[PDB]
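Student: A single structure is presented below for examination.
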Amino acid sequence: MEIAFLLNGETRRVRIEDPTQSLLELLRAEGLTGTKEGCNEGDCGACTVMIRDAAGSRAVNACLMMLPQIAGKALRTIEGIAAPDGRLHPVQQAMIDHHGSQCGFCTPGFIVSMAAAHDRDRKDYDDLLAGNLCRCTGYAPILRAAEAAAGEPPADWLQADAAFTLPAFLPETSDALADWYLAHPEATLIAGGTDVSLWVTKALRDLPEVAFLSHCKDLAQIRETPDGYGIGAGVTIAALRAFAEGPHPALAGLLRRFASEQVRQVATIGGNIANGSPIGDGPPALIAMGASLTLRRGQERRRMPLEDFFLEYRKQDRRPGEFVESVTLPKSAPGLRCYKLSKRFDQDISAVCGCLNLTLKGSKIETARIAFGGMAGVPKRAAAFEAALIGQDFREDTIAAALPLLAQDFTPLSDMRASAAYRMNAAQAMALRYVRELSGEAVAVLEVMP
Amino acid sequence: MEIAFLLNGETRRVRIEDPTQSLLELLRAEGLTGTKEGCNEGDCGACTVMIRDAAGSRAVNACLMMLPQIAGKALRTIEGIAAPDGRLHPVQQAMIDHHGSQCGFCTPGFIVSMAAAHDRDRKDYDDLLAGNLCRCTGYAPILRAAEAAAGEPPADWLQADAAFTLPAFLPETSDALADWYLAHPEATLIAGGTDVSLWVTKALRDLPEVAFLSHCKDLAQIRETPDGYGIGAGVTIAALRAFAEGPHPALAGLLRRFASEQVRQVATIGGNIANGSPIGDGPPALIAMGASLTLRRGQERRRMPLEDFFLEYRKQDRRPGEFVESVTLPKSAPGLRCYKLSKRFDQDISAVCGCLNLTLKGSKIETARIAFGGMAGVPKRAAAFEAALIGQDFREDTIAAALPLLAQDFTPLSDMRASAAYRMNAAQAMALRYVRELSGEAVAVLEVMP
Amino acid sequence: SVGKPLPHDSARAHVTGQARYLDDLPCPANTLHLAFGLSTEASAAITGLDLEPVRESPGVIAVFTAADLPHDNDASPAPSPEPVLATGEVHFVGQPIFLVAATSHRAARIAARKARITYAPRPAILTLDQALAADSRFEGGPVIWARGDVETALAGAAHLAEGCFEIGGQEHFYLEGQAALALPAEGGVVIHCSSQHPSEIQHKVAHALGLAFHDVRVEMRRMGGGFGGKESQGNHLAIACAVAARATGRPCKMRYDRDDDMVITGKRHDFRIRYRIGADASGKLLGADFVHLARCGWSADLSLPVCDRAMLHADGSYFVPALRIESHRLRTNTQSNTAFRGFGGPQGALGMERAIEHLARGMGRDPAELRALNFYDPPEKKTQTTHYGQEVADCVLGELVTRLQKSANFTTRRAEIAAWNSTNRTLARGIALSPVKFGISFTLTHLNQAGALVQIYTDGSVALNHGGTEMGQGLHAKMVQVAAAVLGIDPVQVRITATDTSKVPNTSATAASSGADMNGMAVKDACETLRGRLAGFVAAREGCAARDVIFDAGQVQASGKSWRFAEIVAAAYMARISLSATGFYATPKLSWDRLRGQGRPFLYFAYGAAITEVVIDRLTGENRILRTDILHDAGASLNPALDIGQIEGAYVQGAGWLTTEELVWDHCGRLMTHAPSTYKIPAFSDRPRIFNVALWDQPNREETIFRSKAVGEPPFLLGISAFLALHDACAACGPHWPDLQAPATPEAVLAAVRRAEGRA
Amino acid sequence: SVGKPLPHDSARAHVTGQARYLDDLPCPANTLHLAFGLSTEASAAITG
Amino acid sequence: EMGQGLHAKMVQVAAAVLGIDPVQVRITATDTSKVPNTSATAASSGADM
Amino acid sequence: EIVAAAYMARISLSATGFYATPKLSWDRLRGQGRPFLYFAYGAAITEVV
Ligand SMILES: Cc1cc2nc3c(=O)[nH]c(=O)nc-3n(C[C@H](O)[C@H](O)[C@H](O)COP(=O)(O)OP(=O)(O)OC[C@H]3O[C@@H](n4cnc5c(N)ncnc54)[C@H](O)[C@@H]3O)c2cc1C
Ligand SMILES: Cc1cc2nc3c(=O)[nH]c(=O)nc-3n(C[C@H](O)[C@H](O)[C@H](O)COP(=O)(O)OP(=O)(O)OC[C@H]3O[C@@H](n4cnc5c(N)ncnc54)[C@H](O)[C@@H]3O)c2cc1C
Ligand SMILES: Nc1nc2c(c(=O)[nH]1)N[C@H]1C(S)=C(S)[C@@H](COP(=O)(O)O)O[C@H]1N2
Ligand SMILES: Nc1nc2c(c(=O)[nH]1)N[C@H]1C(S)=C(S)[C@@H](COP(=O)(O)O)O[C@H]1N2
Ligand SMILES: O=c1nc2[nH][nH]cc-2c(=O)[nH]1
Ligand SMILES: O=c1nc2[nH][nH]cc-2c(=O)[nH]1
Ligand code: FES
Ligand code: FES
Ligand code: FES
Ligand code: FES
Ligand SMILES: [Ca+2]
């Protein structure tokens, strides 16, 4: 199978014989030695490269992304950030003038992230660079660079890629997909591939029978519905974030800390769901705001409430040949609030994810949607707490008084991330937060300005 | 097409896609970088390698030898001359002990030649080594090394190779040959390939439709006949030399200076003849001794006297699909005498090669066969000179008086090797040498001892 | 040139991705790749080792075992051995047991996992107490040093504080991973690696192959980060690479995948520190008694020097009339710990730091005056000494802290914070100030030497070469700068070359923040010889005296005439004056005795101070640094930009160490945190929102390269201030001792809050 | 040592083909190889 | 070294002057980053100098 | 043993060396001078046929 793409301005056609190869490896094996490998697991950014296509351009990690995924896109690595004539991009001079590097190794990474940010005039540096670790400099000199270079005309040569294009299965339509999956129930569906690639890079696994879904425009749509919004499984977490900024700030606020921009740009909500991990951050929130999920098999089409999709740790309500096609969210849920607790704020896995949604009949608690990630083999609402909560008055003390229920709703693990006592204690702590927050008290450490 | 051979003790099977490639190249691209390239033309010996099969073992130039030729053979390169446990071969130690290397570059080749000579207890070093040039040492140290190693038991590890094997066409019998050639008259026959390889290495030419003759045992035989000896076309000059040492010392003597041992072990008399050069050293001698040549097409078989095979420079009495099958020599010819004349004695091309055979009726000249290479577009007898010679007395003054007839027999050219006047005068001189010789006087510089 | 803020020598190259690190170098097509197969037990005998599945794995070429090792099998940086491949038994999960060379990294990795290994397990020692119990230790018993008589001091003391607390390790996480390559080169090898110590890589490879040192050449041009992680664990890779090479006939490269790297290499020594400290009524310390339990791992590595340094820093920044340390270096079945920025120092310092703070809370005093009151005296009869007896004659701590507090608006802020706290019930801010005094030089004395070799070509350009290694810290630029300064020409004419034991021999590892101090001298020494030759020549030529020939700005001037440096060199060339030289340097004044704990192991100390302010969340412990202000003394800096940078980066790393960085093992010894997804270094947004860093600009008393001061490790200790502040915040939440352990993760903080709140 | 008749420094390596000369050095797969194209005139102006 | 024995003679001088056996001395490749500004090896002067 | 001891005593074990032949001076254009340090000699008797 043959695909084509632009590589640093030049057209390239390649014979894929192993569809599972990461972009990081094609690259170095071609001698484009500039993209470094620092962890090969998604967290370091040292492999960041810039892709582009009709949706625009973004920076993503080459280590997670496999070849077939870049078909027809334009790719730009560090060695092609500078202009053909040799002129440095404003982002490089900046880094030079500001001492943004010491050991060097994390640099191509930042430059590519910085460039791509520059190309779209984005300036939310902390979030944009979350995904680029540097162990040398403290970061400070890098912020100066970014800032300093933002007052500089975008690189023309990088925008020219826009004009472009104008073994393993690559469906273009949800139909095509459903047909084929149906025949190959056992296949390995790859979307973003941000969880699947660790099976090849770390577990050294080998996957035959593979299909890539990131080419199904129709599976990655955001549709306004009579009664909510229809989210396609292939929608990217970055995208989902962008959309939520309006009708679901809380959800948006959560996604902010869902991996890094480099993963968010290709990681999918479908995926985050289909993965099925009790530490997924999507499910808790969605469950809190009580969204629904839609499966699909051929032409058939079930449709449960999300929380019900999860039976047991490592096991879901999915039939042979059955695949996740979308989820649906209400038009609104002001009651939502989401808590993510981890060792470190950015790009980290949840010890516990607290998602709360309470409806009021003035001072009285009408409805209680309460979900948690990471307190059980599965994400799940906290029934006994929920229960004991209905009808009571919405004040701190009532809540204070129901906490214990949580220890019956759940019996959390212990592990490198955090001890069960703490995970527990923290779940409880989240609910006190929820009252204090709704009652207008200051509560969040990330909102304190110096 | 796939062939097999033993490489420094190990069995190796290779896929031939280009049958014209040289052993010297396979060798290097495999990285057996010890075999050097110093002229790629056959003259230096720096690429000498040792082959072995049932006839025994010999040293030959890998730059002249193409791959299909070593099939079923046992190949030893410099990197395999020392035993597997690291012991150096008697010859190596000797070279170290006697300072037989300065620059180093011509060394692996001398070692290979030296070893192969040791293998067979051969001791004629000046001849064995004529084909290994060295620019640094003066040769003397090498003869000391050769000499000091001969007193040492042969390497057991090299002898063990004897136990072995016990697109491009490769005939095993003269029949298969005749058939195939007949259908492919335009094919390029390659025997020893010491003349054909320079079309590929220096002219950079490319040959499609190729057949290798060195695998027709039946084409390389020496058969005793009622009225002479029947020499196969594939018989090597080395081989021919050895056979003639008895019944045709003069021919043998000549062949001692026909190229070098390395070339002599694979160059064939058939080829010498089919190449058709006016400087070939074979023809004049055979002509003088009056040998005849047999051609063969399919099952047909012509048969003229040798001189008649050469019509014009670069043009022979050869029919489409006809090939040279053997030559036949008388059982004896005591009158033959052969003169080679060049710039340097060993491994050199003749400026003039003169062969003379006179039969006598006591003091009277009965027959006179007199032939020359290098004085015309073709090897030819010297008719006017021969004629005027019969009936006269065999004394120096009658010869002296007939000399000018040679100027009528030949009109020699001029070139880098020698001027016309010198070629001519030399021819004449050879005649005088012949009387003087047969008349018992001292006349060859190569037989004077210090 | 020395003194100007010029950029790193490979800035542009870093920034366009042309700088090459080891895995980028081009190498022959037949190069093989290697990967170790590791033990899965913490402690056992190996009982069967079937590798057939290994040899049979695709692309594999050779497989290796201790028995295949042709000579030594030992990568330890110290006189007791540490096998590169396991000899019969394993000692921690991770220990490499055999070695695979296949035609590709993955391939090798894949094969490394197919072995069939049988073990006869044994009781394992994984915790300090276990160690202690079983007397599992190094150096046949603890090391004790004592100055004065503490128990006496403390028994009669107006104020007192006893306390015990944990300090966790830290994984380097250098962005470029361990790595190396070896190329058979007729008779010998040439190794390229990513190491801080090529001269040792030489020694170990040589011994591994049975070759005299001269047949082994290590070249190393740049590492992507090292922080000590590469002071010694570069050995196993080089050895395996050279050994596979000698056998297979071909080049062999090896690089650890991240996961392997974290499981096999060591980390910073985690410490348990137990202290009693006491003072006067006016606050002057009376004595401090300390016990250090340090987790070293299954072999010695550099534990010895490390623990020596922490003892050596147990006085923190204060003068103490009596002080005792009892230092156990406990052996345990886990990764063999090793150097990390600071090399023990931070552990010892934080020791005294925690205590003095505990002391202060004890007497309701303000920590800052308490400290300020006990700093060593400024310079200028009888100077004070440290407990090892080295005069401290250059402590500018009093001045500096003062200056910092003013510039940081310390007092006022402190109040603003109290207020703010009293109005909040879910959040509390906290702020702290901590000082730093760090000694400069290897404690193993004879390592303090360096060499350089310098060449001047006829077109006037220059090639500098020295023993250091550039791991991102700007060493090369400083050395370029010094050289251009001494020869009198513009830096642009000076090119740096790669570190190469065949050019400067017998080097020490680049460490102990001694890179620049010493190499600097050495280069200066070479350049001085060269300049010497030029002046001699100019002088005779232009009749007159050498010392009046002047080299400045690329120009030479003598007897009123002037010429371009090039023109001088060409002429010296024509005159046949050698233009090449070596240069060497040895730090003077040092002598001390490890066993006695007495001497002058250091040339001078480095200082600085930091005031960090943070906030924490009383419910979950989430938290973060809002602002930091530092003022640090880099001597007469050789390059202020370059120095500010080390200061900023070190701070972050330092804080990183006491906040989210956490190592965890499971009950069977397995490293649970072995990958960035579970070991969490400071991410961009953890940078302090307001980060002011500035330098104390004062010459060094001692005669160092342009009176500059080492600046690579010291600043790392400024991280303490963050922990201190984190603890100020807890303290603000209740009236009890928060007893905050390190690392301060949020769980950890939340625990401190509760203690102080008295809710358990 | 000066004065003794000792062998050349690379004699063992000459004699077993291990001494590498420039074309024997291993080099990256992507290495290119060159050759000049030459004048066939003793003296002339190059016109095209 | 071009076949003329220069590196042995140089190893020899070195071993003599240092007082140790030649085996302990290994020669390295000529390299202009190690000894600079050299003349071509010629004029039969390689070893003299 | 000496060397190791020196290393521990911290003595540089590295050194460059240099040399320039003395006594030379001569002038091409005039054809006068001492262009050479000394002269090499020898003799050879050859016999041929
Ligand atoms: C660096 C890093 C940081 C991360 N941070 C977070 C985070 O903070 N929070 C979090 O929740 N996760 C995080 N993750 C993991 C996260 O689940 C995934 O990265 C992502 O959400 C899954 O998107 P994806 O398309 O790549 O899933 P894929 O990798 O494409 O894999 C999805 C899994 O589900 C299957 N699948 C995919 N699509 C479908 C389909 N629609 N129907 C049925 N099955 C399907 C795939 O077979 C695979 O089994 C992180 C991962 C890494 C790489
Ligand atoms: C280093 C060197 C030195 C040499 N020195 C001499 C010298 O001393 N004197 C001298 O005479 N020559 C010399 N030669 C070449 C001489 O012809 C050949 O070296 C040898 O005699 C040709 O033998 P061949 O088997 O290699 O012919 P090939 O090279 O195999 O080919 C000879 C020609 O004959 C054709 N051919 C071969 N066999 C037959 C067949 N039986 N029937 C029809 N056509 C056939 C081939 O197509 C080719 O056209 C020298 C060559 C070299 C490389
Ligand atoms: N950027 C960067 N800086 C660094 C390191 C590093 O690996 N990268 N290693 C540290 C350690 S452990 C030391 S001991 C000093 C070395 O600085 P120096 O060479 O001048 O002594 O670098 C410190 N600074
Ligand atoms: N074996 C060998 N000897 C040789 C040469 C050579 O290439 N190989 N070059 C000659 C020339 S031109 C010189 S100038 C000398 C060099 O001797 P020296 O280097 O010791 O000055 O090599 C002479 N002898
Ligand atoms: O005293 C030392 N200090 C060091 N810092 N980094 C490495 C060091 C070492 O070996 N010794
Ligand atoms: O006088 C010279 N003699 C030489 N011999 N070989 C090289 C020489 C040179 O440059 N000059
Ligand atoms: S290698 Fe670290 S994110 Fe790709
Ligand atoms: S400069 Fe070293 S990691 Fe960024
Ligand atoms: S290379 Fe010269 S004879 Fe083959
Ligand atoms: S040793 Fe140099 S060519 Fe023979
Ligand atoms: Ca490490």
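Protein chains in written order, with the numbering used here: chain R, 483 to 932; chain A, 483 to 932; chain W, 253 to 1012; chain G, 140 to 187; chain D, 9 to 57; chain Y, 588 to 636. Positions of the beta carbon are idealized from the N, C-alpha and C atoms, including for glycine.
1. Does residue 642 (chain W) get closer than 7 Å to chain Y when you measure Cβ to Cβ?
2. Report the rounded CA-to-CA distance for residue 728 (chain W) versus residue 646 (chain R), giving the unit in angstroms.
3. State the Cα-Cα distance for the pair residue 1001 (chain W) and residue 923 (chain R), rounded to the nearest angstrom.
4. What number of angstroms, rounded off, separates the C-alpha of residue 734 (chain W) from the C-alpha of residue 620 (chain R)?
5. Are at least three pairs of beta-carbons, each pair with one atom in the region 841-848 of chain A and one in the region 764-783 of chain A, less than 8 Å apart?
6. Classify residue 859 (chain W): buried if its beta carbon has 16 or more other beta carbons within 10 angstroms, exposed otherwise.
7. Measuring straight from C-alpha to C-alpha, what distance separates residue 435 (chain W) and residue 255 (chain W)?
8. Please decide whether residue 958 (chain W) counts as near chain Y, where near means a Cβ-Cβ distance under 7 Å.
9. Please indicate yes or no: does the CB of residue 586 (chain W) lie closer than 6 Å to some heavy atom of ligand 11?
10. Determine the direct distance from the alpha carbon of residue 521 (chain A) to that of residue 552 (chain A), and round the result to whole angstroms.
11. Per the DSSP calculation, residue 711 (chain R) is bridged to which residue(s)?
12. Please list the partners that residue 44 (chain D) has in chain G, where partner means a Cβ-to-Cβ separation under 7 Å.
13. Quick check: does the Cβ of residue 930 (chain W) come within less than 6 Å of any heavy atom belonging to ligand 11?
14. Taking only heavy atoms of ligand 7 into account, decide whether any of them is closer than 6 Å to the Cβ of residue 528 (chain R).
15. Starting from the beta carbon of residue 57 (chain D), find every residue of chain Y whose beta carbon is closer than 9 Å, and list them in chain order.
16. Give, in chain order, every residue of the region 20-35 of chain D whose Cβ lies closer than 8 Å to some Cβ of chain G.
17. If contact means a Cβ-Cβ distance below 8 Å, which residues of the region 155-176 of chain G contact chain W?
18. Just verifying my parser: in three-state terms, what is the DSSP assignment at residue 571 (chain A)?
19. Going by DSSP in three states, residue 435 (chain W) sits in which element: helix, strand or coil?
20. Distance, Cα to Cα, residue 610 (chain A) vs residue 592 (chain A)?
21. List the residues of chain A that residue 10 (chain D) touches, going by C-beta distances under 7 Å, in chain order.
22. Please confirm whether residue 594 (chain A) and residue 532 (chain A) have their CB atoms less than 7 Å apart.
Tutor: Judging by the given coordinates:
1. Position 390 of the third sequence, counted from the start, is the residue given in the question as residue 642 (chain W). It does not: the Cβ of residue 642 (chain W) has no partner Cβ on chain Y nearer than 7 Å.
2. Position 476 of the third sequence, counting from 1, holds the residue named residue 728 (chain W). Position 164 of the first sequence, counting from 1, holds the residue named residue 646 (chain R). Going by the C-alpha atoms only, they are around 43 Å apart.
3. Numbered from its first residue, the third sequence carries residue 1001 (chain W) at position 749. Numbered from its first residue, the first sequence carries residue 923 (chain R) at position 441. Those two C-alpha atoms are separated by around 21 Å.
4. Position 482 of the third sequence, counted from the start, is the residue given in the question as residue 734 (chain W). Position 138 of the first sequence, counted from the start, is the residue given in the question as residue 620 (chain R). Using only the alpha carbons, I get a separation of about 26 Å.
5. no
6. Sequence index remark: in the third sequence, residue 859 (chain W) carries index 607 (1-based). So residue 859 (chain W) ends up on the buried side.
7. As a working note, residue 435 (chain W) is residue 183 in the third sequence. As a working note, residue 255 (chain W) is residue 3 in the third sequence. Their backbone Cα atoms lie some 41 Å apart in a straight line.
8. As a working mapping, residue 958 (chain W) is identified with position 706 in the third sequence. No Cβ of chain Y is located within less than 7 Å of the beta carbon of residue 958 (chain W).
9. Within the third sequence, the letter at position 334 stands for residue 586 (chain W). Checking the Cβ of residue 586 (chain W) against ligand 11 gives no.
10. Residue numbering aside, residue 552 (chain A) sits at position 70 when the second sequence is read from its first letter. Residue numbering aside, residue 521 (chain A) sits at position 39 when the second sequence is read from its first letter. Approximately 21 Å, taken between the alpha carbons.
11. Here the question's residue 711 (chain R) lines up with position 229 in the first sequence. Residue 711 (chain R) is bridged to R:706 and R:811.
12. Residue numbering aside, residue 44 (chain D) sits at position 36 when the fifth sequence is read from its first letter. Result: empty, since nearest Cβ-Cβ is about 22 Å, beyond 7 Å.
13. Taking the first residue of the third sequence as position 1, residue 930 (chain W) is located at position 678. Not one heavy atom of ligand 11 falls within 6 Å of the beta-carbon of residue 930 (chain W).
14. Indexing the first sequence from 1 puts residue 528 (chain R) at position 46. Here the distance from the Cβ of residue 528 (chain R) to the nearest heavy atom of ligand 7 is below 6 Å.
15. Numbered from 1 along the fifth sequence, position 49 holds the residue referred to as residue 57 (chain D). Under the 9 Å cutoff, chain Y gives 606, 607 and 608.
16. 20, 21, 23, 24, 29, 30 and 35
17. 157, 158, 159, 165, 166, 167, 168 and 169
18. By one-based count along the second sequence, residue 571 (chain A) stands at place 89. DSSP places residue 571 (chain A) in coil when its eight states are reduced to three.
19. Taking the third sequence and counting its residues from 1, the one referred to as residue 435 (chain W) is at position 183. Three-state DSSP puts residue 435 (chain W) in a strand.
20. By 1-based counting over the second sequence, the position of residue 610 (chain A) is 128. By 1-based counting over the second sequence, the position of residue 592 (chain A) is 110. Residue 610 (chain A) and residue 592 (chain A) have their C-alpha atoms some 10 Å from each other.
21. As a position in the fifth sequence, residue 10 (chain D) is number 2, starting the count at 1. What residue 10 (chain D) touches in chain A: 585.
22. Working through the second sequence from its first residue, we reach residue 594 (chain A) at position 112. Working through the second sequence from its first residue, we reach residue 532 (chain A) at position 50. The answer is yes: Cβ separation under 7 Å.
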